[PDB]
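**Student:** The structure that follows is given in the form of structure tokens.
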Amino acid sequence: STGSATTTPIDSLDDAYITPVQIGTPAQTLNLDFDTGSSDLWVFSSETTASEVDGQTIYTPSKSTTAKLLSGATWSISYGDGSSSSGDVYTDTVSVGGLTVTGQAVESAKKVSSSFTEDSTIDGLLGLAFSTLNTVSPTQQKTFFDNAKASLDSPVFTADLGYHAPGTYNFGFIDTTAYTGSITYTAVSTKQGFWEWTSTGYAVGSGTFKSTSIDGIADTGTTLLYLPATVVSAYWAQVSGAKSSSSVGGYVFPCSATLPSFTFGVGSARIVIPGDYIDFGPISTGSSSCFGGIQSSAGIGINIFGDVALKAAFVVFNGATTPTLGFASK
């Protein structure tokens with residue numbers, strides 16, 4: 001089997017991407033944030049504290065003839081951005097782009113933090129990291145991909161995120177029309193539960209490539225590119241007037257600037273992030289200070305190849321017995 005679904009930016013900045021997901025019988029379609037940095041499929045629901053729901057579409061398990069309470073199971077998750085959610089668990093039928101999993105754990109939120117409430121466009125998350133990170137207790141549950149994998153034509157999924165435009169998540173096949181050149185594959189460590197890999201270096205604009213190992217994670221659920229402070233300083237030094245602002249929470253730059261590109265290495269291959277992908281717009285409405293899309297990972301504890309990086313590539317998440325990651329230009 002295969003599946004193919006379009007993923008759409010939630011706003012004009014590509015702050016996140018939503019993908020429609022069918023849950024239950026009859027189908028209830030929710031727009032979920034596919035997150036290769038976590039491993040829970042959780043949804044706003046009829047059980048979510050009413051004051052914490054503001055415009056989201058909810059899953060109502062009592063209206064699904066295939067929903068079953070997973071007795072005694074609870075979940076609770078905290079994300080790198082400080083947001084969180086928790087609740088109980090059902091199993092139900094879940095379909096993405098025509099690919100169906102029966103008995104998928106659907107984690108129903110009883111509580112969500114303010115940032116989730118405040119984002120009316122995201123109805124929940126669909127985790128695509130390794131199932132070892134799943135938070136369900138006392139019996140850990142599998143991700144949608146883990147459940148689907150054996151049925152897929154090939155044990156892979158691909159992320160093809162758009163810049164200010166829709167893109168695609170495919171399951172079970174590699175669309176050879178979706179990228180240019182070849183796909184370069186690189187080793188993955190699953191030791192921390194992430195799609196963790198090592199970039200071979202970087203360049204800023206038309207500058208020379210610096211060969212240096214940068215360990216980090218391919219994370220579709222993180223907006224920005226978080227890299228070591230040395231790398232980030234080298235980038236922003238090429239933008240007149242750019243500075244790190246403790247009050248704003250990162251590097252800012254004059255909105256009048258033209259940003260240089262940023263290149264990262266995948267083995268001997270190179271992925272070029274155009275400068276415009278690094279512009280996240282005014283820090284507040286009407287400001288002429290703009291927020292940068294490349295930020296320091298110092299104090300996160302891990303480098304994160306988030307959407308800024310991933311949307312410059314066609315990315316293969318290869319879930320073979322020994323997982324790997326592939327990157328192609330597009």
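All residue numbers here begin at 1 and follow the chain in the order shown.
Determination method: X-ray crystallography, 1.0 Å.
Here the Cβ of each residue, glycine as well, is placed from N, Cα and C on the backbone.
Checked Swiss-Prot, it gives:
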ACT_SITE  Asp35  active site
ACT_SITE  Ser199  active site
DISULFID  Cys255-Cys290  disulfide bond
DOMAIN    17-328  domain 'Peptidase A1'
**Student:** Just to confirm: which same-chain residues, 6+ apart in sequence, have a Cβ under 8 Å from the Cβ of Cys255 (disulfide bond)?
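**Tutor:** Once residues fewer than 6 apart are set aside, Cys255 (disulfide bond) is near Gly281, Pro282, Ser287, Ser288, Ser289, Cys290.
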**Student:** Could you state the CA-to-CA distance between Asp35 (active site) and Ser199 (active site) to the nearest Å?
**Tutor:** 20
**Student:** Give me the non-local Cβ neighbours of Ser199 (active site): same chain, 6+ apart in sequence, Cβ-Cβ under 8 Å, ordered along the sequence.
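**Tutor:** Within the chain, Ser199 (active site) has Cβ neighbours under 8 Å at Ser213, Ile214, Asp215, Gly216, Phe264, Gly265, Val266, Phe305.
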**Student:** Indicate whether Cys255 (disulfide bond) is helix, strand or coil by DSSP.
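**Tutor:** Coil, per DSSP.
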**Student:** Would you identify the secondary structure of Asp35 (active site) according to DSSP, in three states?
**Tutor:** strand
